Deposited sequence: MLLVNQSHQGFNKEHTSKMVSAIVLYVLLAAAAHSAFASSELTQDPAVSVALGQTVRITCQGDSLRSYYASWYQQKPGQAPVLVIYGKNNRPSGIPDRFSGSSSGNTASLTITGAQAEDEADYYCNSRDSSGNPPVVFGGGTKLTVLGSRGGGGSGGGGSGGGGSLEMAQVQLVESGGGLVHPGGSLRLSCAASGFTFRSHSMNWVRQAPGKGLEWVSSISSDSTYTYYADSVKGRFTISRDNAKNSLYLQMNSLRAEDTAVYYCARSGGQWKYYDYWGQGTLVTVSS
């Protein structure tokens, strides 16, 4: 469970994974739901996922060591029917997992590399998903995309447009 294990892996007969495609400069889409970007369900305990419209918010310019707030406003769909997935976009490998709140703000799975600096919640009143980027890190400039899962195959059919936050030294 270090970095990217896969899309081959000698642990296939313990879960089920999916496949994804992504046009350049755009949010990715699933290819097919359900021993040999990509996606891989795992059982590490620590959140194991590695690689009708949704819009994200945030435009602050804060120096490192400060605080910023991210958002994901969406409508046209049942907010209390699936699970959202904050995902960060980095050049090269691509997408990486961030906090993945589900149901009604009852599953706060902060990511391994951000656990303690990102707080997630699900507000089903205004149908919005937020993110608190306090204690900003210089080596954390990325695009945090907003998605909503299908659940059974961990496929994210619904996607946002991300937000290019450029916190750096």
(request) Show which contiguous pieces of the deposited sequence have no C-alpha coordinates, counting from residue 1. (result) 1-36, 43-59, 88-105, 108-123, 139-170
